[PDB]
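4 protein chains.
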Amino acid sequence: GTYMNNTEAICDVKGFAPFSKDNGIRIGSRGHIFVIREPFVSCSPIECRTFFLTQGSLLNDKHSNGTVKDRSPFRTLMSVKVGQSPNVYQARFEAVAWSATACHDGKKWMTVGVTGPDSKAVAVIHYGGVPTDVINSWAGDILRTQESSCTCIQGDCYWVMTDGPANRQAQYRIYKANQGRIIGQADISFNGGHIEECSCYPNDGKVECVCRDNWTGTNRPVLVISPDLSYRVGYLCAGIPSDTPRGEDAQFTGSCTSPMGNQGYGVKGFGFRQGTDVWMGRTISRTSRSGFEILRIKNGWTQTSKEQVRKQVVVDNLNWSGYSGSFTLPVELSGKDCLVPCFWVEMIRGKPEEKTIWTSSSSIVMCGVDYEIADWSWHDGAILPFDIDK
Amino acid sequence: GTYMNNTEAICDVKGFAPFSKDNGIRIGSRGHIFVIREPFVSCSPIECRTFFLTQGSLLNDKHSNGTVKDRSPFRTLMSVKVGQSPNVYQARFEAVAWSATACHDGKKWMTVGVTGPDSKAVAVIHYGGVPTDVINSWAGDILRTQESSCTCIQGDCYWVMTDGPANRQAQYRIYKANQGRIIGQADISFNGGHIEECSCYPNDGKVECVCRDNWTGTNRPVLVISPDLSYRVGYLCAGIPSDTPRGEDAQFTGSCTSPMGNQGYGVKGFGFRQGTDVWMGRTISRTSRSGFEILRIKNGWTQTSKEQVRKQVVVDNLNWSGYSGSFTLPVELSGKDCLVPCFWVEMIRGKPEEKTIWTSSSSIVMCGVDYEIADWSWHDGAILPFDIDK
Amino acid sequence: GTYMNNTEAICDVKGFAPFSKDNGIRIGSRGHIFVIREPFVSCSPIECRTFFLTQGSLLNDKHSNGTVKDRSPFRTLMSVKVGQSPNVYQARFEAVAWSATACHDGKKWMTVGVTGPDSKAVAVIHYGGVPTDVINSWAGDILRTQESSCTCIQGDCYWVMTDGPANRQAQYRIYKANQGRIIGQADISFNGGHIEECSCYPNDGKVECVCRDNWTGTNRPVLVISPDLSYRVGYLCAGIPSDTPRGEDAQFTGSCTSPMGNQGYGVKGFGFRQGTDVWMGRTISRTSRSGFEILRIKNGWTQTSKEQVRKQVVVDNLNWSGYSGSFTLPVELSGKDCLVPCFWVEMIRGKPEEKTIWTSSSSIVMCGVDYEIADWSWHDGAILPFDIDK
Amino acid sequence: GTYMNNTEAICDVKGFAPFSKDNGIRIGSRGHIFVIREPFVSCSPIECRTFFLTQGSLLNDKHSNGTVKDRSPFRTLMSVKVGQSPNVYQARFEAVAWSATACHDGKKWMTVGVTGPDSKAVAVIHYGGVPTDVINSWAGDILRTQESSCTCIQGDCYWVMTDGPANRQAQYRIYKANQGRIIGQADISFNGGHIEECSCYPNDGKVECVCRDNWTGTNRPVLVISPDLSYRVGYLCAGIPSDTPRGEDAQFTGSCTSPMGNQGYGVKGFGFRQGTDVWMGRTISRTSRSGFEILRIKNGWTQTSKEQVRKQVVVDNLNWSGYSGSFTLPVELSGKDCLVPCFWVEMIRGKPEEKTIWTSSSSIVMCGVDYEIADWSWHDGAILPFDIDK
Ligand SMILES: CCC(CC)O[C@@H]1C=C(C(=O)O)C[C@H](N)[C@@H]1NC(C)=O
Ligand SMILES: CCC(CC)O[C@@H]1C=C(C(=O)O)C[C@H](N)[C@@H]1NC(C)=O
Ligand SMILES: CCC(CC)O[C@@H]1C=C(C(=O)O)C[C@H](N)[C@@H]1NC(C)=O
Ligand SMILES: CCC(CC)O[C@@H]1C=C(C(=O)O)C[C@H](N)[C@@H]1NC(C)=O
Ligand SMILES: [Ca+2]
Ligand SMILES: [Ca+2]
Ligand SMILES: [Ca+2]
Ligand SMILES: [Ca+2]
């Protein structure tokens, strides 16, 4: 019955402690577990949940054949409580979706699920368990969205969407809803820039997003959104690249405005502003989706700094990672007067890196704390290949 | 503690967006999923649920042998939340039933389940999880009902029942209950007409139903029911047939009063009044239960019109469909001042079309929206035959 | 927060309509379902539940080997909602038990589970999910209880227990509890009589029980209990036997006071008083646990009557039955001003009648209605033997 | 919305009645059940739950290979209701953990899960389903905690932690939290003493703990903690040893202050103060983790007594036992004016005692009652080896 404010500042944190780990793929060796992608977390005032995409198929079953396309007619968004595996019998249905975002305004859950044909996809907004509004593709080229938590401030929820080429100039938009109804939108002017799969969080009454340039950028785009949908758009200032693939730190020069690095492709990732500093997540490998570390760059939010002051390893470089994204703990759960910054790391198993017929992932979730946390590796741990691969 | 009014008008909609898809049969390749028929949807003020019939058997098990008769002593009505698969461990028991209808009056769930012998079946009304009243066969020939959501207006719930031949003159009745107790009934006078498996919804304080003629009609009967159980009965005026099998549109002349088409058999289907227009669902094939499209015929509710102004494809003609039925979103969930029109499409897999020992189905659920939605096909997607078929 | 009165009269009913059927054994062919006995029903103001005994073993698993003794250290009482199968993932734990009874006082659930050695068993009373009190064997010979719903009137709950020989004079006691604490007990004086496995229900502010004589009686003992624990004890007056095994009706003379029939063994069963009439359940076969019918004998509660005025078949004589027991619907669920009489019928599959290594059962539940209901057979339906038997 | 006082005295009990038994390993033969350790119980005002450690693996699956180390990156704390098996589809995620404790303050659940590298582990405190605070290793040698219920008194919760050698002098600390935030801590001075895996309970407004000396003691350390974190520390006075391994009773002399017995190793166990008497749990074997009995030693809490006045066997010496720990029933559930003393007994199956590739355990839970309870054995009961072992 009450909207979450989410107007607070992000907590200044010295490190990240383990929240949860689902072990979904290990369990899936025998249990009944969805083949998934993007196990992103979002929290209501009472609990955090892991959302994920399914193909309607289970681990160790013929339907887990990974030849089916990502944007299939079978693709749905579902969810479970954080730390639970994406198993069938604990799962809540959310939306038909091959692209998704989701957030809670303090009263109910809002989800957006994109489905339909690439040429004219439909984004169906769900609020409180029923469809409430719709967004059709405005540019006829794979309407898509964050694949992480959206952001609700004082009852209104915001998210970023892209429509157009995945490797050249696309079009980018900010949408705003209240109670599952669209109340505003704004086109993001970003000539020469590329925005994909934004990882957002609230901070000081604004929505801050760290996204993925899939065009020429090895640094991450940053978009700061005000409630009237005026915005600031650019790149993460830091003189260290955090996309994948990327070049070496020493061969990089940062920019607050422009993409640097001259490389294609990318991986969904996140970053958290800490005053003027930044925490930036990245895969350990410069070239592959293996390992995951997080770095604190002093003045990295505002300057082309290379002054690294913290580093914490969460998945070693001997293990596969994947997508990563941001969310915050509601003050109603943390009991703090700031917004605890949190992230999930997806850990991809199977194709193409390993010899299976399938690909899935599991997650480790970490939350920002007031203390330095030691390095370690909470990797997926499943033993490949599986019975079905034989 | 409060009855749903459901006195509003049906929303005028330009198209239908995907609500949910369960992927039950794909999941059933490995998971523990009921073999089902008729995954019909009905909503309470807090959630929508998929109801379905079971035989007590699971996909990929010997008991899924489809030699067992529909009207078996094992047949039960169960339910899950919309988008969930009809799996064992999320299922709620409802009623012993080989024919069913179900609706929520705003306080509790009412279900009617028909079981017993063809010569003298018993319809047991359940309210709030216990049997409350009973209807015995009045004509000794397979007492049966809607296989879709019933309809509650201001606390009283209504439904249509048939008793008699499935291919000649039968008898048709309207029943009315409050709190699971029969409070009224009326015989439907329809000489030369045939009523089966009505798909109803509320509109303007009346219950409107689009049914199935299984006698000689390729157009659908329409029954409009007032709370005092006076009624209007006839056929969907539109000069386009929507039953299956049917002839071609060009070879058809509509009628508001009489069955046209001169063909036997049929398939459960639905239609929504839009002022004087209609949305009519139908299989794409004229002869088989494959594909599903919905058409808007201008003035089709009141005139023998052939003026098609909209068409949306939801399951292509390369894929199996089946039953379809109507329900509405409560205003308490939609947040609208009208009754959002919604439908589910059952997608039948296995016998007789495919070489398996079993038959089941899955669903796609769609809800009316204020925008045109692109064609696509959210088909079942299961890969037949299964392990058990070998 | 409110005690159920349960002071009303039992509804006069003309027949019994199907409430629920779990299909547990059919589902267990593939699903994860407890091997059970005694699927007895009891209702709280919000729902009815099926309770049952487990051995910690699942259908189609080696542990379902039926060589394990009934009174094992593994035996537990668990429960699910009525109509659900006794599956692992929907089950609620209740008590360690190889004999049980259970009832809800309107605020919480009370269960009594008997376990321990035959020479000195312990009956642990559970209230609201924790042990609250205890009853040790008073006669050192298999302390045991109803295996059906106990009975709560105005907050105090009553049940019948036996301790001693199963084929000669035993000792019988009535216990009374409030909030899981023993507040009273009474020895039942019944020289020459035998009381086992009572099926009780409330009626007119008293607890009426129809039990099993396992000594020499083919008619059923009847015990009527007042809240001060004064009681009346005897036999069901009717001149028709309802135990199994029994002789033929024509060879029987009834008695209100004494056992007739001169045969050993028995089967748990039930009966409902209707003014002075009775509804009596019994297996169809005189010698085996097959079939189930219910008969109304005019004046059968008070006279040695043979005047049968109703008969309804619920499981034909081609199918296995088993235990049966009584319970009532709370007025808070039925919405009636009387106590709707209800019964469950257990349907035993496997050993000794069939060639399997295991034995389990499933249930059909029926509730009294104001109308005559047609005969039919809602039998178990599982296809024996199973994979494990091969 | 209300804190539990837990200031009462422990109930004086004459024996222990069975609360629950999960049969997890028997069920796991076919069902989907976590491979676990330490099924410890803790209660909120509404229910008791079994907590347990998992490796992300299921019984009868290759991942159950017991070669994985206890302190793995996969190890998580999860929980179910008491008596339920640690199955996947009923499980609630709690914390990433290879060591754990958990308790409810009356408003919410607090859990502490230790994970990370031995050299610098991190203990993450969870309150109400999110991380709230952190404790890093203060001595760089396997930070660890109780593996049983912690203890909440008047809203503040306390627990004991160890950091250092498992076979020589370590360091021991008491921590105190409110609402998941550390509010106090104290170093335990215990030169020559060893504290591991404390089993605590509240009594008279203090926290009493009976722990495990893994250094030279066959008697158990006792630590009594006051809310200001002043404490009393020593050994269980009784002239009978209760650790495992241990020597014979006749060869033992007790001490209130010092470890006796001169043997290494140990097993988690418990004890309950009864005025000046004690109930002490122990394995029946002096050398192995088989059997479980509980003894009442008159004046054993305060004197080097050998006066055994009660003994109750719960698992015979023909069956495997394992860890044991203490918890109490809230007065809000028991309805008593004292704190009912309760314990769980873990029953370990598989390696090293039996020829399997895996090790798991199941539990029997017992609660103190006002009556003598007969000996019996509620052992695990699973039939080894399993399919996977072949
Ligand atoms: C369409 C743009 C979207 C976001 C960059 O791209 C996705 C990213 C993916 C990726 O980074 O691997 C995989 C998705 N299947 C999709 N596919 C491709 C080929 O780009
Ligand atoms: C009895 C009338 C009812 C509704 C037309 O018929 C049902 C329709 C069905 C159908 O349309 O296929 C299948 C049902 N098994 C049932 N059977 C037959 C043979 O008609
Ligand atoms: C001990 C008395 C109790 C109730 C008559 O008996 C039970 C009845 C049973 C029965 O009627 O088959 C089976 C139970 N396993 C138990 N066993 C025997 C041999 O009598
Ligand atoms: C590290 C101290 C902790 C508590 C004594 O020890 C544990 C006890 C265990 C035990 O008693 O068997 C097993 C745990 N895997 C761990 N391992 C060892 C080798 O001691
Ligand atoms: Ca890039
Ligand atoms: Ca027709
Ligand atoms: Ca008898
Ligand atoms: Ca020791």
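As they're listed, the protein sequences go chains U, X, W and H. So in our numbering the end of the first sequence lands on 426, straight run, no missing numbers. So in our numbering the end of the second sequence lands on 426, straight run, no missing numbers. So in our numbering the end of the third sequence lands on 426, straight run, no missing numbers. So in our numbering the end of the fourth sequence lands on 426, straight run, no missing numbers. Note that CB positions come from ideal geometry on N, CA and C, so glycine has one too.
Inter-residue spacing [alpha-carbon to alpha-carbon] between residue i and residue j
| i | j | result |
| --- | --- | --- |
| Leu375 (chain U) | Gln91 (chain X) | 51 Å |
| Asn203 (chain W) | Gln299 (chain W) | 10 Å |
| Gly283 (chain H) | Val158 (chain W) | 33 Å |
| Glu389 (chain U) | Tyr359 (chain X) | 43 Å |
| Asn214 (chain X) | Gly142 (chain X) | 12 Å |
| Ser78 (chain X) | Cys245 (chain X) | 15 Å |
| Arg128 (chain H) | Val116 (chain H) | 6 Å |
| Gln310 (chain U) | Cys47 (chain U) | 8 Å |
Residue-level contact to chain H via CB, residue i, 8 Å cutoff
| i | result |
| --- | --- |
| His162 (chain U) | no |
| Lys117 (chain U) | yes |
| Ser184 (chain U) | no |
| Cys403 (chain U) | yes |
| residue 428 (chain U) | Lying before the first or after the last residue shown, residue 428 (chain U) is absent from chain U, which here runs from 37 to 426. |
CB contact check: residue i to chain X, cutoff 8 Å
| i | result |
| --- | --- |
| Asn59 (chain W) | yes |
| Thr86 (chain U) | no |
| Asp97 (chain U) | yes |
| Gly64 (chain U) | no |
Residue of the options minimising C-alpha distance to residue i
| i | options | result |
| --- | --- | --- |
| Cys378 (chain X) | X:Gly37, X:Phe55, X:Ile63 and X:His230 | X:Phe55 |
| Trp414 (chain X) | U:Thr151, U:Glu44, U:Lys143 and U:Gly67 | U:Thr151 |
| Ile231 (chain H) | H:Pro388, H:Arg346 and H:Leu259 | H:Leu259 |
| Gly228 (chain X) | X:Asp249, X:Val243, X:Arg209 and X:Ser341 | X:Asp249 |
| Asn59 (chain H) | W:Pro153, W:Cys47, W:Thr86 and W:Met114 | W:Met114 |
| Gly67 (chain H) | W:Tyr271, W:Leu95 and W:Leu331 | W:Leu95 |
| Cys234 (chain U) | U:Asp416, U:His162, U:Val350 and U:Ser185 | U:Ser185 |
| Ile219 (chain U) | U:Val170, U:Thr254, U:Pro201 and U:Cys247 | U:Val170 |
Residue i at chain W interface by Cβ criterion, 8 Å
| i | result |
| --- | --- |
| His140 (chain H) | no |
| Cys273 (chain H) | no |
Contact test: residue i Cβ vs ligand 8 heavy atom, cutoff 7 Å
| i | result |
| --- | --- |
| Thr254 (chain H) | yes |
| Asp249 (chain H) | yes |
Residue i: CB within 7 Å of a non-hydrogen atom of ligand 6
| i | result |
| --- | --- |
| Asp423 (chain U) | no |
| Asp313 (chain X) | no |
Chain U contact for residue i (CB, 8 Å cutoff)
| i | result |
| --- | --- |
| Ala53 (chain X) | yes |
| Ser360 (chain H) | no |
| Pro421 (chain H) | no |
Residue i beta carbon near ligand 2 (any heavy atom closer than 7 Å)
| i | result |
| --- | --- |
| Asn239 (chain U) | no |
Residue i CB to nearest heavy atom of ligand 7 below 7 Å
| i | result |
| --- | --- |
| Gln299 (chain W) | yes |
Proximity test, residue i beta-carbon vs ligand 1 heavy atom, cut-off 7 Å
| i | result |
| --- | --- |
| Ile178 (chain U) | yes |
| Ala202 (chain U) | yes |
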